[PDB]
């Protein structure tokens, strides 16, 4: 079989890239290691930037989002007995963020692809990339015991952190930057009304806590835990008690608790690889970089990578301007590094780090006091939170 653009991974990155391209008349095939069900079981993201929202509208998959999504105009940070609200809309110049789960975005994209008739091969086992530096690269994979070959012009590696794409580039050609945090996030999804109409990020001595949501009757809560914890050691009962302990009393007493639909621990890390392409292979999303969930940038950076790749592929196919693809990494890395710096900053001021001396604790507290009390400080959080502008 042959196609123009072969896409590895049917998560939001690949599906969004594949929708945009198909819409523009560029044939693409998506190869996914697992099943649609497995993909749909990942809870993950809840916060989307305006740029992600417009990209979904452009891809023609925004009906359900425009209806069910919640537009948020502010967020709250609670520390040292105080609760400070950041007016994102006012401080960022009218920009806002949208709360719509990643499961929903994925489901909408999967349905739009299903209907369009575009090719999608699930349970594509043992995917291997070949002739990346040639003019005719190809992908081999196993479907029901038989190994097929897919010929293409370009390959978009949208296979996540553990995908085959990044591994297929000669190690000596990549420079990795990584930071692993000494804690993870224990998340709990419940069918209960959220405790606030906006998100509450909390720095507490016992550790970080976050009050999020998915809709008016579905909440998502998180608490910072050491990497040595096991999810089975955390009953719903234990989670609620711990969460309550980390929140302001007035917030904790208004909390409607209930049994969990999902519970899991996500470890935290920062990771960037440079460059993000090799020959005819271009990395996008988690395949190229990871940001701690604190700044809500992962899925959103996946979106800007995809918007950039799509627009460069359009010029190549439509305008015969293939030389432009060489600019992929430079354009993306600029936005990636700034979003990494913000996610790193948020993570450092909101979490409890092991082995912290007196001076550092005081500086962490002072960072919050200064940034949340200065009009200029608030603006730096707001513009970064809503999302820095996409480069052209």
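Numbering follows the first chain given and starts at 1.
For the two regions 151-159 and 69-77, the entry's Cα B-factors average higher over 69-77. Annotation for 325-333 versus 349-357: the higher mean temperature factor (C-alpha) is found in 349-357. The entry lists C-alpha B-factors for 278, 166, 269, 175, and the highest of these is at 175. In this entry, the residue among 115, 227, 202, 301 with the greatest C-alpha B factor is 227. Annotation for residue 134: CA B-factor lies in the highest third of the chain's modelled residues.
In the deposited entry, the Cα temperature factor of residue 83 places it in the highest third of its chain's modelled residues. Compared with the other modelled residues of the chain, the Cα B-factor recorded for residue 241 ranks in the middle third. In the PDB entry, a CA B factor belonging to the lowest third of its chain's modelled residues is recorded for residue 294.
In the deposited entry, the Cα temperature factor of residue 250 sits in the top third of values across the chain's modelled residues.
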